[PDB]
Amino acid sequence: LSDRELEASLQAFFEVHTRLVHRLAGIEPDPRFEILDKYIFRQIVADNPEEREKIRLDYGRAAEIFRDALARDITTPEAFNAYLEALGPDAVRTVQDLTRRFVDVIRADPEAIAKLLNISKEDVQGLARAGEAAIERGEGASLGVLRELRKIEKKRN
């Protein structure tokens, strides 16, 4: 019913989304990815309220796709892409739309994300840049964003 209840009901998505992306990257979980993921979802549904059930079911559909990807231990974008293409055009479109909204939210409100994560506006634009570049390479935006988050954290020390 409410936005927070939508996000909670999608708990399985955020779990399989962060686990799949970190499997692709081959690294230990960075909790800040799932924080970002959840904020981005909250923003999409708050900005597109007339569309919230469509957004909800797309994430729920993405959850199954990602879950099945993990069950096969997909570890590269290429293997994931072939799996997704075998699933069919609707599975492709579901993930592509989810990815595209992901980067677009980061790029459209970098100040809010920079506060959320206590990083700079430049850093958040760097995340959007890395997401676009991964989309360009066929990698999906979440993986570029995760890698760039790890790079930003490298500057702590």
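Just count from 1 along the sequence shown to find any residue number.
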query: Segment of higher mean CA temperature factor, 48-56 or 128-136; finding: 48-56
query: C-alpha B-factor winner, where the candidates are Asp30, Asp97, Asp37, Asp123; finding: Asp97
query: CA B-factor ranking of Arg101, expressed as a third of its chain; finding: highest
query: Entry-reported Cα temperature factor of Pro110, expressed as the chain third it lands in; finding: middle
query: For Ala82, the third of its chain into which the C-alpha B factor falls; finding: middle
query: Chain thirds of CA B-factor: placement of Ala12; finding: highest
query: Chain third (lowest, middle, highest) by recorded CA B-factor, residue given as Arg61; finding: lowest
